[PDB]
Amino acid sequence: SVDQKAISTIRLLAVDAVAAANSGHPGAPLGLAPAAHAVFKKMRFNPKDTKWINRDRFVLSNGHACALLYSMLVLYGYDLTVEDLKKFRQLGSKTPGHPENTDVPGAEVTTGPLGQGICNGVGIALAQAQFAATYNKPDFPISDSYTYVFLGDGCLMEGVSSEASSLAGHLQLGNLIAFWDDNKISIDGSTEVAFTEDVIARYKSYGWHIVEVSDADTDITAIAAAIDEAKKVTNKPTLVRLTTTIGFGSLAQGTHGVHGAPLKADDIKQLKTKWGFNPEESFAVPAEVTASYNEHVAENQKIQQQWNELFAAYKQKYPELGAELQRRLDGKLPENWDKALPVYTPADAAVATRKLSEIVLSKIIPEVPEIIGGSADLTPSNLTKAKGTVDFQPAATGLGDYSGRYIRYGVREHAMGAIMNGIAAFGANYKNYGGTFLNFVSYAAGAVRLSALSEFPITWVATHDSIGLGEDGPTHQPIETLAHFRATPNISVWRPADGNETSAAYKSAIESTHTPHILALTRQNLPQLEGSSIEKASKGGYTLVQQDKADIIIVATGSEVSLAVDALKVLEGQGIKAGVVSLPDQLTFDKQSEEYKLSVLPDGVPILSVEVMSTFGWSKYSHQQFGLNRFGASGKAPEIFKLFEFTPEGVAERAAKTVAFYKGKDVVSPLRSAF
């Protein structure tokens, strides 16, 4: 049949791509080609408009199987061709060894790190439910799309997927349909060696619906029927168990050796002949397969054309909501939204930056509907919920509604991070955030790094940033955390010192379109600074206190800026004149012009950094670094600062020693380099 020919075409494209690279993973593509064929024939999508907001989404969580995804995208006429398949895994190609949303048309998210994609699919589905609840009206199903996810045994072993699956079942996300490649093989061999749990019973315990397809190597009728059944279960995400043979058709089918290495040339020949293909030919695409797939594309394009007319009618019937939706689909924030950001003066009271953050959210959430967010069981500590909003929950629970804006993630940092990436991936200008303590953002490092690589504008509201949290002690007090994320490409790590800087940090986080943000916020109160403003803090680094005859400049962030200002006064009594630089975001600063940066960190003056965490990275901006390179302590926060000499006198002492160390030396800016 043409369906059988399509499945064979998919299998052979994937195997030929691996063969040409002499690298990659043929096994799961061979096992999942029937399911991929069946799912894509049920999906609504436009290869010529990858951003249609009512498309069904597909996520390949077992990202190593990407030769399968690339074959589907090629066959359906996305902006990816057989010539790109021939360049699988080659430097600069559109077919990298794991799918990247920035590089691959039709890749919704970046996968490859196991467990992430299923959680991203939970986030795409969460966003779709929230979006539909916000916009749909009687006779106007603006959003009614599904989220289809393929995943394997590896994803099911990673804890992040358990977190997201428990939450998805709690949230009754009936438009999520996941498919487990139940092939009983991972890299270390049989799953009997390490993965003997009853997966199906576990997913029932989360409140998922189950469909089992016992012969997923051939039974596309049953795979299609499983999708139909899943769509009838509107209050549970569904897991479809696809019992497959890894490497189906290979001489080496059913073995770990087919997971991750190219097939032998003679194996490829026998695959082709058994399926009616020419064993002398590679990258064959039968015209009948193209015709069948083109039929489905043309049908989907007529569906999108009708949706465009529905959207035009919606804008007539619901003028305000229609304009809001149009603005969001254009990627634009509300005009002058930032006038809602709070502004402070030095006469205002001291406030913790966690509380300043709460106040910002309280002002901007009502003004910017595409902001949604939550906390990982730390809502009253991170201060992430605006009073008066409703939680995102299924209405059946009585605890919220899908039109809600606040997500109770539970104690699930890693899944929260990957769900945020899925919410961003949904599109529609979502600007979403997640709260936890800064030290526990580290639990989610797998997802955070993917936010950076995927260029998603997600925001971590990361409170309790330092030893300033006090009594909870060294298990809770960050030391390495800012260095880790600052050393990751494309992460904006804001550590605002006061109210104006906190507003600048949120202006950056909400305006972002390609850079994730971590806002490192305090438990303890900080004074409003003389010289701060949203304008200057928006530069990432700025001169807070200018001193034309400076003997030293102190550069600091967050809670240590006020400390630097107090140290300036101690130094004045020692006959030393200091300037102060505030550096709320190193990434934003680094992106300013060279002349702007040199105006902040000039030649001819020693520069001392002060930040109560690791000194790593700080030599980019300073000659000497005062930091904390040991674990913290359990005690009242002011006593910890005193113990580690983060006091005005301790900073002044190190500043005076820095001035003395450079006497008789020529000093150039830390910004200078040899190359």
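For every residue, the number given is its place in the sequence shown, counted from 1. Rigid core (definition): largest C-alpha set, two forms, superposition within 1.5 Å.
Trainee: Is the larger C-alpha RMS shift in 7 other deposited structures of this protein, relative to this form with the rigid core superposed, found in 373-381 or in 351-359?
Mentor: Higher average C-alpha offset in 7 other deposited structures of this protein goes to 373-381.
Trainee: After a rigid core fit, does 149-157 or 384-392 show more C-alpha displacement in 7 other deposited structures of this protein?
Mentor: The more displaced stretch in 7 other deposited structures of this protein turns out to be 384-392.
Trainee: Decide which of the stretches 17-25 and 661-669 has the higher mean C-alpha B-factor, going by the entry.
Mentor: Stretch with the greater average CA B-factor: 661-669.
Trainee: Look over 597-605 and 124-132 in the entry and identify the one with the greater average Cα temperature factor.
Mentor: The stretch with the larger mean CA B-factor is 597-605.
Trainee: Would you mind checking which of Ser451, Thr234, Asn439, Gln116 has the top Cα temperature factor in the PDB entry?
Mentor: In the PDB entry, the greatest C-alpha B-factor among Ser451, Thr234, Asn439, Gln116 is found at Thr234.
Trainee: Just the C-alpha B-factor column, please: which of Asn432, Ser375, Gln592, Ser165 has the biggest number?
Mentor: It is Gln592.
Trainee: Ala65's Cα B-factor: lowest, middle or highest third of the chain?
Mentor: As the PDB entry reports it, the C-alpha B-factor of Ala65 lands in the lowest third of its chain.
Trainee: Against its chain's modelled residues, does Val360's Cα B factor rank lowest, middle or highest third?
Mentor: Answer is lowest: the recorded C-alpha B-factor places it there.
Trainee: Thinking about Cα B factors across the chain, which third does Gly541 belong to?
Mentor: Middle third, going by the recorded CA B-factors of the chain.
Trainee: Just say lowest, middle or highest third for the CA B-factor of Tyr621 relative to the other modelled residues in its chain.
Mentor: Middle third, going by the recorded CA B-factors of the chain.
Trainee: Going by the recorded CA B-factors, say which third of the chain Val390 sits in, lowest, middle or highest.
Mentor: CA B-factor rank for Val390: highest third.
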